[PDB]
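*Asks:* Dumping the structure here so I can ask a few things about it.
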Amino acid sequence: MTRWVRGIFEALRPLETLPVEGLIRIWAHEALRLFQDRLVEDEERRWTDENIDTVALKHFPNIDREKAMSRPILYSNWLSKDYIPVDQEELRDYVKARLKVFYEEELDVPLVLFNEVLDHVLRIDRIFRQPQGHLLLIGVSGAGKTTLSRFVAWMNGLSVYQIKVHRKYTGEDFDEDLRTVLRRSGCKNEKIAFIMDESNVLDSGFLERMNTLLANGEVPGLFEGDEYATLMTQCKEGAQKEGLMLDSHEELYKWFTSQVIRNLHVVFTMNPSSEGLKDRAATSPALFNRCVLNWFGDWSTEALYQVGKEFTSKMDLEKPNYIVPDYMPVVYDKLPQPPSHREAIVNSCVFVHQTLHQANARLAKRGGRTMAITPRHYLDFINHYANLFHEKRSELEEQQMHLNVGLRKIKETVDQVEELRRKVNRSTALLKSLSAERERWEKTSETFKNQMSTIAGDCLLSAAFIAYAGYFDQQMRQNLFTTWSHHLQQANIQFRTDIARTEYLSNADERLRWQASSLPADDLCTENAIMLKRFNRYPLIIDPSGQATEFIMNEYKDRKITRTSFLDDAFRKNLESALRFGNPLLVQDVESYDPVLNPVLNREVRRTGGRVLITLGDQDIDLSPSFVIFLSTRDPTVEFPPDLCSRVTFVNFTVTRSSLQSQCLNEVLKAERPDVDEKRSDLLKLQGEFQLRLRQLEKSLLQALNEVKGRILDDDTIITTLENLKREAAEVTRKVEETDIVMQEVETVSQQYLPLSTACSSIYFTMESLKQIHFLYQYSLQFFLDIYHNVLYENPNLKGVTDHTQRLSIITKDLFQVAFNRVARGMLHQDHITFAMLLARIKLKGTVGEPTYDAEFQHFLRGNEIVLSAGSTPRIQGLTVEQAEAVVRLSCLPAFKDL
Ligand SMILES: Nc1ncnc2c1ncn2[C@@H]1O[C@H](COP(=O)(O)OP(=O)(O)O)[C@@H](O)[C@H]1O
């Protein structure tokens with residue numbers, strides 16, 4: 001209430017003749033600034049707005065709507081000398097005008113201005129106006145709390161200062177930095193907008209220093225001895241050059257403290273996690289005394305839609321023929337009218353973001369180990385969408401112009417043939433072959449026109465998959481992809497169905513090179529390699545095994561990738577040399593993440609300077625363009641700080657039940673029924689790879705055409721190539737026309753081999769969970785892989801049998817038996833029955849002839865623990881109390897009503 005009265009009084013210093021409406025407007029503005037910015041939920045904010053309006057009307061029942069107008073009540077002293085209220089649009093234009101100069105100065109990164117930005121900027125400016133302005137910007141990473149802070153601090157002419165934090169950064173260094181910032185604040189009279197983040201704190205002593213820096217503005221145990229005398233020298237000089245009389249030592253120190261009071265603004269940016277705030281309050285009470293905390297909520301659907309619309313402007317998404325048959329909105333308010341498919345693309349992007357939010361909520365509800373999606377992920381997703389759309393359109397345009405060049409070359413060949421004619425059989429053969437070529441190539445042209453319909457949707461789905469997914473397992477990746485596909489089809493945005501992510505995002509040669517460089521054939525590994533190839537945020541590999549580390553080591557052997565770690569004392573030494581040379585650096589053990597990497601991960605290198613210099617620590621080091629840093633770990637799952645979570649692309653190699661199911665299905669299809677596996681590999685190659693080989697034959701034909709210069713005496717040299725091209729075109733046509741028969745029998749074969757895969761996954765994860773029973777029962781994935789390879793390629797029972805239906809049964813029985821034999825051999829002779837009947841339950845789930853009997857198993861396991869004492873008296877002489885109670889509990893079971 002004191003701040004309320006102070007703010008109202010300040011707003012009325014130079015302003016006269018204000019009506020009652022203006023006064024209640026200022027009252028409401030101050031109430032919203034001091035009572036609503038601190039709320040965390042939107043419900044609290046709207047309740048505050050409703051209650052302020054109802055109290056205003058109750059205590060002032062004879063006022064005009066001049067009290068409220070537009071709910072964006074904003075006051076700015078930028079447009080006029082006084083603290084006059086301003087309109088949304090005028091302030092937006094002025095902020096854009098100032099942002100032009102801001103971009104000219106530094107940070108050329110574009111910032112789309114939404115309603116939230118203008119409000120946050122005005123709040124931070126209001127806090128900056130008062131001499132004791134201190135901020136606690138609590139908001140999710142990527143919201144731009146730091147960016148807005150710097151923008152407004154520059155806009156008010158405040159020299160921003162930041163602490164460069166690393167693992168070796170000691171408390172004495174913090175005291176020296178505080179001495180420097182206070183010297184700049186008091187001496188030379190510099191308005192410092194000194195800022196910090198939660199990552200900028202590694203020792204509480206920082207927090208007790210800020211306690212006295214905020215509450216009193218003077219740090220007593222900072223300036224001692226020589227430092228104190230030097231400080232008094234500089235500040236006594238500053239008093240003279242600022243026209244201030246020199247006094248005794250104590251009075252001069254007091255004047256310096258007052259100068260720091262009026263020339264220092266400390267800003268805190270914090271994780272919205274309230275648990276951290278609970279003891280942040282305890283460590284420093286001044287965080288709730290001198291700091292006006294400003295809660296930054298997650299970017300709203302309005303903000304996400306505006307970001308998507310503004311950034312996706314360079315791309316050409318204008319499709320004149322588009323139909324909207326259903327009503328699937330997200331923004332709900334701006335341009336809901338039938339779109340030009342660009343609004344549809346942006347709506348799909350924001351729906352993808354909401355889809356991740358819903359998936360995260362569901363994962364947290366039905367389990368844990370859930371990571372939080374920051375708006376920086378949206379910016380990464382938008383950049384991925386733009387780059388991938390550019391690539392996938394430029395490549396098709398260049399191959400289309402190649403086809404046009406080939407057509408013109410064939411026309412020129414026709415002209416040469418007409419000149420030559422005026423052997424006849426050779427002429428007729430080449431004439432019919434070239435007519436067939438004309439038909440095939442006009443078909444190619446119409447196909448090229450067809451892919452323009454699907455490029456937008458396919459690239460959107462691929463970018464949403466690569467930029468967002470990567471931490472989730474195979475099942476959740478598939479669920480997200482199918483949800484995105486269903487929504488995009490429902491939005492009538494044309495995307496090609498049955499899209500192979502691996503084949504669409506990579507070519508044959510890169511995939512085979514990956515396979516050579518120690519990469520498993522699992523589709524999860526291929527997708528992870530895809531994410532590792534193209535990326536904006538430097539990867540953070542999650543892998544319990546060492547397969548990914550050795551794979552990426554092999555991938556960059558030529559580039560001289562150096563292996564270091566955070567635990568290594570020479571980590572900075574090993575990283576500076578790699579940065580200067582331009583060599584990739586793989587840093588393992590990200591558990592003790594070094595905060596010195598924040599500038600590198602944020603890619604905040606200042607390109608404004610002549611050479612591209614990064615401010616890594618105190619020193620400035622030039623950023624080599626080939627500096628590709630990598631992060632990795634050795635644990636399956638661990639919680640990461642959210643600030644680190646928003647600067648890296650989580651690529652996860654951790655196995656799961658669905659991953660084991662897919663691997664076992666692929667392995668059994670490779671071993672049993674290799675024809676279906678070959679036909680599916682041909683299907684995967686049908687997306688681009690076969691077309692790429694056809695283009696290679698096309699360019700070989702083009703080379704031969706001017707190699708022979710239209711020879712007619714020896715025409716077979718080109719007739720062979722033409723015949724091969726015709727045969728390959730016919731083969732591709734047969735493969736495409738069989739895409740209805742195929743994936744109709746392929747799906748049947750796959751679902752036939754599904755019980756084996758699910759049984760394998762269940763058996764492996766039961767073996768993994770066997771750690772609970774006894775500390776000695778520890779089994780690796782390699783052990784189960786050996787078991788499964790043995791039961792496939794080494795069974796003695798499969799030597800003679802060849803019928804697939806009998807071979808599957810024999811393989812399943814052999815797998816069960818061999819798994820039991822290999823596991824029980826290292827189990828005490830009291831758990832053999834336990835594992836055996838666990839495998840029996842797994843098989844009973846696998847078989848279909850009888851129900852699962854889940855109620856019976858639940859009873860047999862725990863249902864006898866139900867509490868009841870009615871009818872517990874034995875009725876027959878041949879019965880006891882415990883047996884009578886067991887009779888009652890079994891009579892509870894539906895199968896035993898009459899017992
Ligand atoms: N209004 C905005 N529009 C677009 N991008 C924005 C906006 N505000 C911030 N950003 C982006 O946020 C990134 C910086 O986020 P950062 O300041 O590190 O966030 P935080 O302080 O929440 O951790 C940059 O990519 C910047 O362009």
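Residue names in the structure tokens use chain letters A, B, ... in the order shown, residue numbers from 1 in each chain, and ligand numbers from 1 in the order shown.
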List all protein, DNA and RNA residues that have any atom at most 9 Å from ligand 1, counting only C-alpha atoms and all ligand atoms, and write the list as a VMD selection string.

*Replies:* chain A and resid 107 to 114 116 to 117 137 to 150 197 269 to 271 296 299 303 306 to 307 311 374 to 376 379 to 380 602 643 646 to 647

*Asks:* What would the file look like if the residues just selected were written as a CSV table (one decimal), in the first residue's frame with N, CA and C atoms?

*Replies:*
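Wrote it out as result_31.csv, contents follow:
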chain,number,residue,atom,x,y,z
A,107,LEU,N,23.0,-7.3,-30.9
A,107,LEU,CA,21.9,-8.3,-30.9
A,107,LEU,C,20.9,-8.1,-32.1
A,108,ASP,N,21.5,-8.4,-33.3
A,108,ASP,CA,20.7,-8.2,-34.5
A,108,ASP,C,19.6,-9.3,-34.6
A,109,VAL,N,19.5,-10.1,-33.6
A,109,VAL,CA,18.5,-11.2,-33.5
A,109,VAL,C,17.1,-10.6,-33.5
A,110,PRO,N,16.1,-10.9,-34.4
A,110,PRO,CA,14.8,-10.3,-34.5
A,110,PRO,C,13.9,-10.7,-33.3
A,111,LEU,N,13.2,-9.7,-32.8
A,111,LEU,CA,12.2,-9.9,-31.7
A,111,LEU,C,10.8,-9.5,-32.1
A,112,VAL,N,9.9,-10.4,-32.4
A,112,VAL,CA,8.5,-10.1,-32.7
A,112,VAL,C,7.9,-9.5,-31.4
A,113,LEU,N,7.3,-8.3,-31.5
A,113,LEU,CA,6.7,-7.7,-30.3
A,113,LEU,C,5.2,-8.1,-30.1
A,114,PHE,N,4.9,-8.8,-29.0
A,114,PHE,CA,3.5,-9.2,-28.7
A,114,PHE,C,3.0,-8.3,-27.5
A,116,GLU,N,2.5,-9.1,-24.5
A,116,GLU,CA,3.3,-9.4,-23.3
A,116,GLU,C,4.6,-8.6,-23.3
A,117,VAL,N,5.3,-8.6,-24.4
A,117,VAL,CA,6.6,-7.9,-24.4
A,117,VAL,C,6.4,-6.4,-24.0
A,137,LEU,N,13.0,-11.3,-12.1
A,137,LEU,CA,12.3,-11.7,-13.3
A,137,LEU,C,12.2,-13.3,-13.3
A,138,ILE,N,11.1,-13.8,-12.8
A,138,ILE,CA,10.8,-15.2,-12.7
A,138,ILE,C,10.1,-15.7,-13.9
A,139,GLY,N,10.7,-16.5,-14.8
A,139,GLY,CA,10.1,-16.9,-16.0
A,139,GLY,C,10.8,-18.1,-16.6
A,140,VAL,N,10.1,-18.8,-17.5
A,140,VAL,CA,10.7,-20.0,-18.2
A,140,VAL,C,11.9,-19.6,-19.1
A,141,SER,N,12.9,-20.4,-19.3
A,141,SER,CA,14.0,-20.0,-20.2
A,141,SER,C,13.5,-19.8,-21.6
A,142,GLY,N,14.1,-18.9,-22.3
A,142,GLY,CA,13.7,-18.7,-23.7
A,142,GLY,C,12.6,-17.6,-23.8
A,143,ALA,N,12.0,-17.2,-22.7
A,143,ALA,CA,11.0,-16.2,-22.7
A,143,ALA,C,11.6,-14.8,-23.1
A,144,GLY,N,12.9,-14.7,-22.8
A,144,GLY,CA,13.6,-13.4,-23.2
A,144,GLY,C,13.7,-12.5,-22.0
A,145,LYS,N,13.7,-13.0,-20.8
A,145,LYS,CA,13.8,-12.1,-19.6
A,145,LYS,C,15.1,-11.3,-19.7
A,146,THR,N,16.2,-12.0,-19.9
A,146,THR,CA,17.5,-11.3,-20.0
A,146,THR,C,17.5,-10.4,-21.3
A,147,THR,N,17.0,-10.8,-22.4
A,147,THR,CA,17.0,-10.0,-23.6
A,147,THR,C,16.2,-8.7,-23.4
A,148,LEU,N,15.0,-8.8,-22.8
A,148,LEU,CA,14.2,-7.6,-22.5
A,148,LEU,C,14.9,-6.7,-21.5
A,149,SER,N,15.5,-7.3,-20.5
A,149,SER,CA,16.2,-6.5,-19.5
A,149,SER,C,17.3,-5.7,-20.2
A,150,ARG,N,18.1,-6.3,-21.0
A,150,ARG,CA,19.2,-5.6,-21.7
A,150,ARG,C,18.6,-4.5,-22.6
A,197,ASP,N,21.8,-14.6,-13.3
A,197,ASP,CA,20.9,-15.7,-13.4
A,197,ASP,C,21.1,-16.7,-12.3
A,269,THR,N,17.2,-13.3,-12.6
A,269,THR,CA,16.3,-14.2,-13.4
A,269,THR,C,16.4,-15.6,-12.9
A,270,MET,N,15.2,-16.2,-12.7
A,270,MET,CA,15.1,-17.4,-11.9
A,270,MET,C,14.1,-18.4,-12.6
A,271,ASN,N,14.4,-19.6,-12.4
A,271,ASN,CA,13.5,-20.7,-12.8
A,271,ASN,C,12.2,-20.5,-12.1
A,296,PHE,N,7.2,-13.9,-15.2
A,296,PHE,CA,7.0,-14.1,-16.7
A,296,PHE,C,6.4,-15.5,-16.9
A,299,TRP,N,5.1,-18.3,-23.0
A,299,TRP,CA,4.6,-17.6,-24.2
A,299,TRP,C,3.2,-18.2,-24.4
A,303,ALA,N,1.2,-15.3,-28.4
A,303,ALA,CA,2.6,-15.1,-28.6
A,303,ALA,C,3.2,-16.1,-29.6
A,306,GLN,N,2.0,-15.4,-33.1
A,306,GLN,CA,2.7,-14.2,-33.7
A,306,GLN,C,4.1,-14.6,-34.1
A,307,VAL,N,4.8,-15.3,-33.2
A,307,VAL,CA,6.2,-15.7,-33.6
A,307,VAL,C,6.2,-16.6,-34.8
A,311,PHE,N,8.1,-15.1,-38.2
A,311,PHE,CA,9.3,-15.8,-38.7
A,311,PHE,C,9.1,-16.5,-40.0
A,374,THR,N,10.7,-25.2,-23.5
A,374,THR,CA,10.8,-23.8,-23.5
A,374,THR,C,10.5,-23.2,-24.8
A,375,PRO,N,10.1,-21.9,-24.9
A,375,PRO,CA,9.9,-21.2,-26.2
A,375,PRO,C,11.2,-21.2,-27.1
A,376,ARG,N,12.3,-21.5,-26.5
A,376,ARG,CA,13.6,-21.6,-27.3
A,376,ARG,C,13.4,-22.8,-28.2
A,379,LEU,N,11.6,-21.6,-31.2
A,379,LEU,CA,12.5,-20.8,-32.1
A,379,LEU,C,13.4,-21.8,-32.9
A,380,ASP,N,13.9,-22.8,-32.2
A,380,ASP,CA,14.7,-23.9,-32.9
A,380,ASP,C,13.8,-24.6,-33.9
A,602,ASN,N,24.6,-20.8,-26.0
A,602,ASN,CA,23.7,-19.8,-26.4
A,602,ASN,C,24.1,-19.2,-27.8
A,643,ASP,N,17.7,-24.5,-17.4
A,643,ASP,CA,18.5,-23.6,-18.3
A,643,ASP,C,19.4,-24.4,-19.2
A,646,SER,N,17.3,-26.0,-22.3
A,646,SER,CA,16.8,-25.2,-23.4
A,646,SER,C,17.9,-24.8,-24.3
A,647,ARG,N,19.2,-25.2,-24.1
A,647,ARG,CA,20.3,-24.8,-25.0
A,647,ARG,C,20.8,-26.0,-25.8

*Asks:* Please provide the set of residues having any atom within 10 Å of stretch 551-565 of chain A, restricted to only C-alpha atoms, with same-chain residues fewer than 3 positions apart removed, written as a ChimeraX atom specification.

*Replies:* /A:513-520,529,532-533,541,546-548,568-575,577-578,582-590,592-594,626,628-632

*Asks:* So what do you get for atom CA of residue A:5 versus atom CA of residue A:34, distance-wise?

*Replies:*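 Answer for the atom CA of residue A:5 to atom CA of residue A:34 separation: 11.1 Å.
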
*Asks:* Find, counting only C-alpha atoms, the residue in A:598, A:739, A:419, A:762 that gets nearest to residue A:679.

*Replies:*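 Ranking A:598, A:739, A:419, A:762 by distance to residue A:679, first place goes to A:739.
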
*Asks:* Could you give me, as a ChimeraX atom specification, the residues within 12 Å of residue A:263, counting only C-alpha atoms and dropping anything in the same chain fewer than 3 positions from it?

*Replies:* /A:128-134,157-160,181-194,217,255-260,266

*Asks:* Leaving out stretch 433-448 of chain A and any residue of its chain fewer than 2 positions from it, which residues lie within 9 Å of it when counting only C-alpha atoms, given as a short mmCIF file (atom, residue, chain, number, x, y, z; two decimals) with C-alpha atoms, in the first residue's frame?

*Replies:*
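To be explicit, this is the file written out as out.cif:
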data_model
loop_
_atom_site.label_atom_id
_atom_site.label_comp_id
_atom_site.auth_asym_id
_atom_site.auth_seq_id
_atom_site.Cartn_x
_atom_site.Cartn_y
_atom_site.Cartn_z
CA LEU A 396 13.70 -30.29 -56.31
CA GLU A 397 14.00 -27.05 -58.28
CA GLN A 400 13.66 -30.03 -62.29
CA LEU A 403 15.32 -32.51 -66.26
CA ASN A 404 14.56 -29.49 -68.46
CA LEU A 407 14.77 -32.58 -72.38
CA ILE A 410 17.13 -34.86 -76.28
CA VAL A 414 16.28 -35.35 -82.37
CA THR A 428 13.35 -45.98 -85.99
CA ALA A 429 14.59 -47.60 -82.78
CA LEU A 430 15.95 -44.32 -81.42
CA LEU A 431 12.75 -42.55 -82.51
CA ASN A 450 2.90 -33.02 -57.51
CA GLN A 451 5.59 -32.84 -54.82
CA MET A 452 5.04 -29.08 -54.51
CA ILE A 719 20.55 -48.10 -77.36
CA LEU A 722 18.12 -46.30 -73.38
CA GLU A 723 16.99 -49.91 -72.88
CA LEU A 725 16.63 -46.68 -68.57
CA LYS A 726 13.34 -48.04 -69.91
CA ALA A 729 11.56 -47.04 -65.27
#

*Asks:* With DSSP run on the backbone, what are the helix (DSSP H, G or I) residues within stretch 36-99 of chain A? I'd like them as a ChimeraX atom specification.

*Replies:* /A:42-59,65-67,88-99

*Asks:* If you run DSSP on this backbone, which residues of stretch 151-260 of chain A come out as strand (DSSP E or B), and could you give them as a list in words?

*Replies:* residues 159, 160, 161, 162, 192, 193, 194, 195, 196 and 197 of chain A

*Asks:* Write the residues of the selection above to a file with N, CA and C atoms, as a short mmCIF file (atom, residue, chain, number, x, y, z; two decimals), in the first residue's frame.

*Replies:*
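The resulting file, part-v7.cif, is reproduced below:
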data_model
loop_
_atom_site.label_atom_id
_atom_site.label_comp_id
_atom_site.auth_asym_id
_atom_site.auth_seq_id
_atom_site.Cartn_x
_atom_site.Cartn_y
_atom_site.Cartn_z
N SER A 159 24.28 0.96 -18.31
CA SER A 159 25.36 0.08 -18.74
C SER A 159 25.21 -1.28 -18.07
N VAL A 160 24.79 -2.28 -18.84
CA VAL A 160 24.53 -3.61 -18.30
C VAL A 160 25.86 -4.28 -17.96
N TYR A 161 25.87 -5.01 -16.85
CA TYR A 161 27.03 -5.78 -16.42
C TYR A 161 26.59 -7.19 -16.07
N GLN A 162 27.44 -8.16 -16.38
CA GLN A 162 27.13 -9.57 -16.16
C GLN A 162 28.36 -10.26 -15.60
N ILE A 192 24.60 1.27 -13.58
CA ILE A 192 24.89 -0.10 -13.97
C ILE A 192 23.63 -0.95 -13.78
N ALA A 193 23.21 -1.62 -14.85
CA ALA A 193 22.12 -2.59 -14.78
C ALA A 193 22.70 -3.99 -14.63
N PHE A 194 23.37 -4.19 -13.50
CA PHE A 194 24.04 -5.45 -13.23
C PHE A 194 23.02 -6.57 -13.06
N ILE A 195 23.23 -7.68 -13.77
CA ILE A 195 22.25 -8.76 -13.85
C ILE A 195 22.92 -10.08 -13.51
N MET A 196 22.10 -11.05 -13.08
CA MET A 196 22.56 -12.40 -12.82
C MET A 196 21.44 -13.38 -13.14
N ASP A 197 21.81 -14.65 -13.28
CA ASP A 197 20.88 -15.75 -13.44
C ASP A 197 21.11 -16.75 -12.31
#

*Asks:* Residue A:363: which residues within 12 Å, counting only C-alpha atoms, same-chain residues fewer than 4 positions away excluded, as a VMD selection string?

*Replies:* chain A and resid 356 to 359 367 to 372 472 to 473 475 to 476

*Asks:* Can you write out the residues you just picked, keeping N, CA, C and O atoms, as a PDB file, in the first residue's frame?

*Replies:*
ATOM      1  N   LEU A 356       3.298 -30.979 -27.640  1.00  0.00           N
ATOM      2  CA  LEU A 356       4.373 -31.319 -26.709  1.00  0.00           C
ATOM      3  C   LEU A 356       3.996 -30.993 -25.275  1.00  0.00           C
ATOM      4  O   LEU A 356       4.335 -31.746 -24.357  1.00  0.00           O
ATOM      5  N   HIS A 357       3.329 -29.860 -25.050  1.00  0.00           N
ATOM      6  CA  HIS A 357       2.936 -29.536 -23.679  1.00  0.00           C
ATOM      7  C   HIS A 357       1.989 -30.592 -23.112  1.00  0.00           C
ATOM      8  O   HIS A 357       2.156 -31.045 -21.970  1.00  0.00           O
ATOM      9  N   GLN A 358       1.005 -31.017 -23.908  1.00  0.00           N
ATOM     10  CA  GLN A 358       0.073 -32.047 -23.459  1.00  0.00           C
ATOM     11  C   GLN A 358       0.779 -33.380 -23.244  1.00  0.00           C
ATOM     12  O   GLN A 358       0.480 -34.102 -22.285  1.00  0.00           O
ATOM     13  N   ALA A 359       1.713 -33.730 -24.131  1.00  0.00           N
ATOM     14  CA  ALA A 359       2.455 -34.976 -23.973  1.00  0.00           C
ATOM     15  C   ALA A 359       3.308 -34.951 -22.713  1.00  0.00           C
ATOM     16  O   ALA A 359       3.413 -35.960 -22.010  1.00  0.00           O
ATOM     17  N   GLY A 367       3.744 -41.207 -14.843  1.00  0.00           N
ATOM     18  CA  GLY A 367       5.117 -41.595 -14.588  1.00  0.00           C
ATOM     19  C   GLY A 367       5.966 -40.423 -14.149  1.00  0.00           C
ATOM     20  O   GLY A 367       5.564 -39.653 -13.272  1.00  0.00           O
ATOM     21  N   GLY A 368       7.143 -40.275 -14.749  1.00  0.00           N
ATOM     22  CA  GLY A 368       7.992 -39.137 -14.459  1.00  0.00           C
ATOM     23  C   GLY A 368       9.086 -38.933 -15.484  1.00  0.00           C
ATOM     24  O   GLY A 368       8.911 -39.259 -16.662  1.00  0.00           O
ATOM     25  N   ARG A 369      10.228 -38.410 -15.034  1.00  0.00           N
ATOM     26  CA  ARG A 369      11.379 -38.150 -15.900  1.00  0.00           C
ATOM     27  C   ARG A 369      10.987 -37.279 -17.092  1.00  0.00           C
ATOM     28  O   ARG A 369      11.403 -37.520 -18.227  1.00  0.00           O
ATOM     29  N   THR A 370      10.176 -36.257 -16.833  1.00  0.00           N
ATOM     30  CA  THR A 370       9.648 -35.384 -17.874  1.00  0.00           C
ATOM     31  C   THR A 370      10.442 -34.084 -17.940  1.00  0.00           C
ATOM     32  O   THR A 370      10.722 -33.462 -16.911  1.00  0.00           O
ATOM     33  N   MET A 371      10.802 -33.683 -19.157  1.00  0.00           N
ATOM     34  CA  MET A 371      11.536 -32.453 -19.417  1.00  0.00           C
ATOM     35  C   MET A 371      10.571 -31.375 -19.917  1.00  0.00           C
ATOM     36  O   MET A 371       9.519 -31.666 -20.489  1.00  0.00           O
ATOM     37  N   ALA A 372      10.943 -30.113 -19.710  1.00  0.00           N
ATOM     38  CA  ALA A 372      10.058 -28.977 -19.943  1.00  0.00           C
ATOM     39  C   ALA A 372      10.450 -28.230 -21.212  1.00  0.00           C
ATOM     40  O   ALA A 372      11.610 -27.842 -21.385  1.00  0.00           O
ATOM     41  N   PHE A 472      12.243 -38.299 -26.106  1.00  0.00           N
ATOM     42  CA  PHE A 472      11.231 -39.319 -25.905  1.00  0.00           C
ATOM     43  C   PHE A 472      11.647 -40.622 -26.580  1.00  0.00           C
ATOM     44  O   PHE A 472      12.424 -40.639 -27.538  1.00  0.00           O
ATOM     45  N   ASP A 473      11.118 -41.727 -26.062  1.00  0.00           N
ATOM     46  CA  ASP A 473      11.422 -43.036 -26.614  1.00  0.00           C
ATOM     47  C   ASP A 473      10.709 -43.225 -27.952  1.00  0.00           C
ATOM     48  O   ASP A 473      10.010 -42.338 -28.449  1.00  0.00           O
ATOM     49  N   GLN A 475       8.166 -45.122 -28.760  1.00  0.00           N
ATOM     50  CA  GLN A 475       6.709 -45.103 -28.676  1.00  0.00           C
ATOM     51  C   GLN A 475       6.173 -43.677 -28.642  1.00  0.00           C
ATOM     52  O   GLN A 475       5.220 -43.348 -29.357  1.00  0.00           O
ATOM     53  N   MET A 476       6.781 -42.810 -27.829  1.00  0.00           N
ATOM     54  CA  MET A 476       6.295 -41.437 -27.736  1.00  0.00           C
ATOM     55  C   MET A 476       6.616 -40.648 -28.999  1.00  0.00           C
ATOM     56  O   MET A 476       5.830 -39.788 -29.411  1.00  0.00           O
TER      57      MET A 476
END

*Asks:* Could you name the residues that touch residue A:815 at 12 Å or less, counting only C-alpha atoms, but leaving out those on the same chain fewer than 2 positions away, as a ChimeraX atom specification?

*Replies:* /A:756-757,759-761,763-764,784-795,797-798,807-813,817-823,839,843

*Asks:* If we count only C-alpha atoms and set the cut-off at 9 Å, which residues sit around residue A:170, ignoring sequence neighbours fewer than 5 positions away in its own chain? Please answer as a ChimeraX atom specification.

*Replies:* /A:175,202-203

*Asks:* Hey, can you spit out that residue selection with N, CA and C atoms as a CSV table (one decimal), in the first residue's frame?

*Replies:*
chain,number,residue,atom,x,y,z
A,175,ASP,N,33.9,-11.2,-4.9
A,175,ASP,CA,34.1,-10.0,-4.1
A,175,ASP,C,34.8,-9.0,-5.0
A,202,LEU,N,26.9,-20.1,-7.6
A,202,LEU,CA,27.4,-21.4,-7.2
A,202,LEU,C,27.8,-21.5,-5.7
A,203,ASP,N,27.7,-20.3,-5.0
A,203,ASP,CA,28.0,-20.3,-3.6
A,203,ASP,C,27.1,-19.3,-2.9

*Asks:* Go through A:539, A:278, A:366, A:652 and flag the residue nearest residue A:470, using only C-alpha atoms for the distances.

*Replies:*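 Among the listed residues, the smallest separation from residue A:470 belongs to A:652.
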
*Asks:* Choose the residue, out of A:51, A:691, A:233, A:348, that has the smallest atom-to-atom separation from residue A:733; count only C-alpha atoms.

*Replies:*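 Between A:51, A:691, A:233, A:348, the residue approaching residue A:733 most closely is A:691.
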
*Asks:* Interatomic distance between atom CA of residue A:284 and atom CA of residue A:264?

*Replies:*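 Rounded to one decimal, the two atoms are 18.2 Å apart.
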